[PDB]
Amino acid sequence: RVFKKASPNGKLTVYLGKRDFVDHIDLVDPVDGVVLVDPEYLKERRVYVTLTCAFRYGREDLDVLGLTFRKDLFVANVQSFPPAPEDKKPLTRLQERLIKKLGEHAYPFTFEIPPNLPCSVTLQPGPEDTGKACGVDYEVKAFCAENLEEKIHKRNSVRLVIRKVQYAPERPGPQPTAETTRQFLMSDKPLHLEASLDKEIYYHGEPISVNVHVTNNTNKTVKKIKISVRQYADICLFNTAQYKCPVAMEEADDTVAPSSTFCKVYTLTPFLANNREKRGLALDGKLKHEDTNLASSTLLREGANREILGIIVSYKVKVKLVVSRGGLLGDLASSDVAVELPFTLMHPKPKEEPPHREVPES
Amino acid sequence: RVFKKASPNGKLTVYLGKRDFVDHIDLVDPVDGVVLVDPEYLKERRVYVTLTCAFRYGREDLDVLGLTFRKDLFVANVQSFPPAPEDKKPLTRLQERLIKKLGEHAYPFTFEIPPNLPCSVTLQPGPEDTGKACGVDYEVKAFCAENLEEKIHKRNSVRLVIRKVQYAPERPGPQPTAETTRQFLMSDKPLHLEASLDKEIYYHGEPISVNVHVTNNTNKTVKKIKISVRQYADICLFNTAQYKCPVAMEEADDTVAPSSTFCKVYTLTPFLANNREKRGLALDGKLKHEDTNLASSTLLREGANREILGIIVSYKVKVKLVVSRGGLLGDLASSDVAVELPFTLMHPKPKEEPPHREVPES
Amino acid sequence: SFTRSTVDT
Amino acid sequence: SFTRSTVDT
Amino acid sequence: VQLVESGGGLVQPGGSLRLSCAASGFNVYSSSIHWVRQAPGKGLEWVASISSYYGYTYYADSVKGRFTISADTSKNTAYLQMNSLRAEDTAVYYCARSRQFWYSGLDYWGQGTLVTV
Amino acid sequence: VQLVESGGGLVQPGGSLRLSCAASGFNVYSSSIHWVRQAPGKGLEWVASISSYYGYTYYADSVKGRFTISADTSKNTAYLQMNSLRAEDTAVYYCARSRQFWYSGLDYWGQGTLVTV
Amino acid sequence: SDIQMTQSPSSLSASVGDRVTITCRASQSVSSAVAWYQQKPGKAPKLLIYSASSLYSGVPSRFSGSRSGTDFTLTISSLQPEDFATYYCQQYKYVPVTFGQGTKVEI
Amino acid sequence: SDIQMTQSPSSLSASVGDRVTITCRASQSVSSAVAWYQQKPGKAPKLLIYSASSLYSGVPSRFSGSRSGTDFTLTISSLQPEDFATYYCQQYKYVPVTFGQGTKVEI
């Protein structure tokens, strides 16, 4: 089965074989489709197709709601009705079947998304928002006009929202481990902390288990141990911005006495049910106002990282120890100890079909 | 006039010409004095003098009050009663006349404090504290014993607390200026902030005037402007510690509109009356439980900074702008802008006298 | 306005 | 126990 | 990986009952747990559902207001609270599980707990 | 640099008066401000003091409980609040200033205000 | 909206090795979101097909499903002696999730 | 504790160019913490000496102060015609700060 859409006039129609185009880091899946035309009612003499990755965001200074500004991250276009000699490409398996079914008045088009481009990520809108989805999204548009610069009339065009998604790697990396050794003023005996996760790659909804090991040789007791999962999102619209948002946490009232060790295993599970109120939280790209999970981690093209546009999402686990206060300095010094563990959160590769859209609808 | 002290037994006495020894950074004033002995009442065959810079601090794990742990920073000693042929040094102007007054049974002693040593700084004790003064202090001790390591008796020795202080340099440095340029995600127009003080050097009780200039071309308003004076103290007892304590602050409800400038002059004056509750605040070294002002800045020996022992005190002024929140990210990003200005807080060189201890006593 | 579905036979 | 003062004549 | 339920039994009409379904091998955040009942000799019928990742609960129109479903993630157990049991609420109840990402049918089922009213 | 005070005047015994001393050229944090009074034809007598850096106030034994001294930093002014003025509180009051770091006598004096009871 | 998944025949009889086709019809379009289950008397239903054409893991290859508009069909290439059970047809695109009335296959 | 600073003579007479010595005695030891003031009739007192021997800035060098135990002495080398004023002796080591009764120098 393939998807199709028609203009409000009904004289133009574009077909797509899928909506989610997988990104293999090295190369993205081609975007292919078939356009149905009617030459008798197309005295415009041209039909154009267009692919556009655009950052869309709602203004804060402007009082009017719904209105949003946009910036093009990548734009491509194609001739389809008059067969362009330069745009000759071999037809894909589905495209030639679509041609054979629809007949003479149906023409193909193909794009190739270049690597190092943002994946579809939607920032979570607050309860006061009513406009279109914010963040990075892709859109395929087909229209008819005597020229590129001619004013576009919605009546004579179509548009579909498509996504560029990534799935978990086939082989996990080394087990993430991290440790720190705080040394206090009172004595030359250090406070030692270690942590590690079971594995590098976690799936959405899978519980994250954190191992904590403490060796307290100092004279200060540990009051509390705090574990949290934080979502790091980097935005490169005009200038690099950085924000951190916690998505799950656990505070344990465990204490470590001087000259004693301590070991425990904590469990966490980031999920969206208890994060509904966090405006600006990054979520996986939406085609419409449906519900989607927390944004999956973005895989960078090894050591390229050429300040990728759009949004880059990553996760870490922070283990923090609350240390008692007093003595000479009291409340003035910073006595806490902390360490962070990075990890990856992603979907596994689906067997046959693209992700579905709220399978049982309300 | 000179100061003198006698042992509880009364057979030994040591004279000093002053209590505050100035440090000129390049070389410290010599510590000189005269010991009055009694050979018939002294069959010990020796009389010793000692100079000791010691870090004293009250333990936190130990529940016993008054008891403190002590560490030597620099220790020196001298033979005084049997005139040591190897310890011959020329007599100072005061020392020879003290010899002339006291007669045959009075012997001199002189020390030379090496450079790059801590200045007397006392950490502020809390209301629950009862022990001796904490921090770095100097002490001159004269005792009698057949050997260095023989057990010392409290009744057979004397001890005086002396200080090593520094005064303001003769000429001020360049006027401290600092600026920053924050660029926001929404637009390519920056939020610009500048600040500067009138002069580098300030005295104790002299008001500090801060000049603030803001050029806001962004789309976000500035909610508040916050100015504060913070005391930085570095302790290198075993390992380098670092704490920051605010000693004076001022919050102004000033706002800057987009595409508009702003300028104002704020005034601050650090003082101890409103900082009584801040435990651990660094104060000038005390001889007893008297009252003393905020710790004066320590002048480092140019580019040596070989992790000077004890406590190193420095001050800064922080100018902070509170920027409004909202839009795409809302409460997740850090929108505030800040800049810091360093300055020096010291006494001027006294005309003829050294400090006096709570001149009108209660 | 509605993205419909179809089969390529 | 008391640090007294004097003049050196 | 198994689903086991307990709590069903004979009860008077208008009373109340608790059905608990213990999940092993998978967690409630990664799965959506459903309750399906089958009247004696009749076909299957869906009664309730819950999705812990999104925090949503759904009920059949015939049992809205009477039943209430919750899942406690500390031990991976889902509870169905039945109140005001009518005479026609007798059936054999199965605990079922479907993948949260994404729904592909009820692959794992319970083993049947009976409610007699 | 100069000290000036105002507020003195005729009053009935048991009443109250306000003496304000305006300081210029130095700030109250770096100086300690004292009040010294001189009965007609008699010698000087100290009545009150205040040190804004340490936050201490001192009064003579003859005026304890009656007088109260405060200094407002915003305009470098020191106030002496006199209550229950007895018949012997008549004098010529001088505002005085001494260095906070450190006391070296009263180098700057006021012009003299008269309180007649 | 409620969708009636009319499933026919109500019951059929077939011999070993025969080819059996079961039809299930929806009152409204449900896309390809249809699942098939097999229940033996007294036991929990066992999933066979999802997405109306995708065979569930571990199910023998003789079970196949097809779609044609809103008419979904389950077909068994060669009916083995262990396949004489009851089959239920389910649509999972709209809440409430409605099952078919069920078909019984008997010797 | 309060300290009574007995200051004598209560009043003395001297001629221009004469050498005048003024004595101020404390009831207890006050170290060298003694100050001297000069007051002309109707005007504020002008500071002369602090620490009992240190000349205040701008004061003519003919003024000098000395200490001997608890007996503090103010001496004028050559009494200029403007010096005929009232002098007060102050101890500033203990609160309350007590001034001397004052001496008068007249033609």
# chains A, B, ... in the order shown; residues from 1 in each chain; ligands from 1

$ calpha_fit_rmsd --fixed "chain A" --moving "chain B"
0.2 Å

$ calpha_fit_rmsd --fixed "chain G" --moving "chain H"
0.1 Å

$ residues_around --residues "range 33-38 of chain H" --least-positions-apart "5" --cutoff "7 Å" --atoms "only C-alpha atoms" --output "PyMOL selection string"
(chain F and resi 105) or (chain H and resi 45-52+85-93)

$ select_by_dssp --residues "range 85-272 of chain A" --states "strand (DSSP E or B)" --output "PyMOL selection string"
chain A and resi 106-111+121-123+134-143+157-165+177-182+191-197+201-202+208-216+222-235+241-252+256+260-268

$ write_last_selection --atoms "C-alpha atoms" --output "tab-separated table (two decimals), in the first residue's frame"
chain	number	residue	atom	x	y	z
A	106	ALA	CA	2.07	10.19	-14.59
A	107	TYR	CA	5.66	11.29	-14.09
A	108	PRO	CA	8.30	10.34	-11.53
A	109	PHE	CA	10.54	12.35	-9.23
A	110	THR	CA	13.40	11.45	-6.91
A	111	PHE	CA	15.48	13.27	-4.29
A	121	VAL	CA	12.46	16.48	16.33
A	122	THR	CA	9.46	18.33	17.75
A	123	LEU	CA	9.73	20.53	20.82
A	134	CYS	CA	7.65	23.52	16.40
A	135	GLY	CA	11.14	22.21	15.72
A	136	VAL	CA	12.63	20.56	12.64
A	137	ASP	CA	10.39	18.93	10.05
A	138	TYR	CA	10.52	17.87	6.41
A	139	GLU	CA	7.89	18.52	3.75
A	140	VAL	CA	7.38	17.37	0.16
A	141	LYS	CA	5.51	19.82	-2.08
A	142	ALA	CA	4.30	19.55	-5.67
A	143	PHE	CA	2.87	22.52	-7.53
A	157	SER	CA	-0.43	22.48	-4.90
A	158	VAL	CA	-0.12	19.64	-2.40
A	159	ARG	CA	2.13	19.00	0.58
A	160	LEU	CA	3.03	16.00	2.71
A	161	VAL	CA	5.00	15.80	5.95
A	162	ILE	CA	7.76	13.19	5.94
A	163	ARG	CA	10.28	12.21	8.60
A	164	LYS	CA	13.98	11.31	8.71
A	165	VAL	CA	14.54	8.85	11.55
A	177	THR	CA	31.90	3.62	33.34
A	178	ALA	CA	32.96	6.73	35.21
A	179	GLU	CA	34.55	7.50	38.56
A	180	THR	CA	35.77	10.44	40.62
A	181	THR	CA	37.99	10.93	43.68
A	182	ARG	CA	37.19	13.96	45.81
A	191	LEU	CA	36.09	10.20	49.13
A	192	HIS	CA	35.81	7.81	46.19
A	193	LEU	CA	32.79	7.26	43.95
A	194	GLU	CA	32.21	4.92	41.01
A	195	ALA	CA	29.22	4.29	38.77
A	196	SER	CA	28.34	2.29	35.67
A	197	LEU	CA	25.36	1.21	33.59
A	201	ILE	CA	22.13	1.22	24.18
A	202	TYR	CA	18.73	1.40	25.88
A	208	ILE	CA	17.87	1.99	33.14
A	209	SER	CA	19.76	0.33	35.99
A	210	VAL	CA	22.55	2.32	37.65
A	211	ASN	CA	25.27	0.75	39.81
A	212	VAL	CA	26.74	2.97	42.54
A	213	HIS	CA	29.84	2.19	44.61
A	214	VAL	CA	31.13	4.49	47.36
A	215	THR	CA	34.31	4.24	49.45
A	216	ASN	CA	34.28	6.95	52.13
A	222	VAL	CA	27.25	11.23	53.00
A	223	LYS	CA	23.71	12.49	53.54
A	224	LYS	CA	21.90	11.50	50.33
A	225	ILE	CA	22.49	9.88	46.95
A	226	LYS	CA	20.71	11.39	43.95
A	227	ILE	CA	20.30	9.76	40.53
A	228	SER	CA	18.75	11.49	37.53
A	229	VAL	CA	18.45	11.10	33.76
A	230	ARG	CA	18.87	14.37	31.86
A	231	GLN	CA	18.17	15.17	28.21
A	232	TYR	CA	20.78	17.33	26.47
A	233	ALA	CA	19.59	19.15	23.35
A	234	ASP	CA	21.79	21.41	21.23
A	235	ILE	CA	20.12	23.88	18.86
A	241	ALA	CA	22.43	27.05	22.28
A	242	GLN	CA	22.54	24.47	25.06
A	243	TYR	CA	19.93	23.39	27.60
A	244	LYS	CA	19.54	20.48	30.02
A	245	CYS	CA	16.19	19.00	31.09
A	246	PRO	CA	15.74	16.14	33.59
A	247	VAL	CA	13.29	13.45	32.49
A	248	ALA	CA	13.52	11.01	35.44
A	249	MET	CA	15.13	11.00	38.86
A	250	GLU	CA	15.33	9.12	42.16
A	251	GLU	CA	16.47	10.39	45.56
A	252	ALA	CA	17.61	7.72	48.02
A	256	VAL	CA	27.78	6.28	54.28
A	260	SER	CA	33.12	2.39	55.35
A	261	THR	CA	32.00	1.30	51.90
A	262	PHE	CA	28.57	1.18	50.27
A	263	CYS	CA	27.07	-0.45	47.18
A	264	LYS	CA	23.60	-0.42	45.64
A	265	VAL	CA	21.78	-0.71	42.32
A	266	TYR	CA	19.16	1.86	41.32
A	267	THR	CA	16.62	1.66	38.50
A	268	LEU	CA	15.10	4.43	36.39

$ residues_around --residues "residue 17 in chain F" --least-positions-apart "6" --cutoff "8 Å" --atoms "only C-alpha atoms" --output "list in words"
residues 7, 8, 11, 81, 82 and 83 of chain F
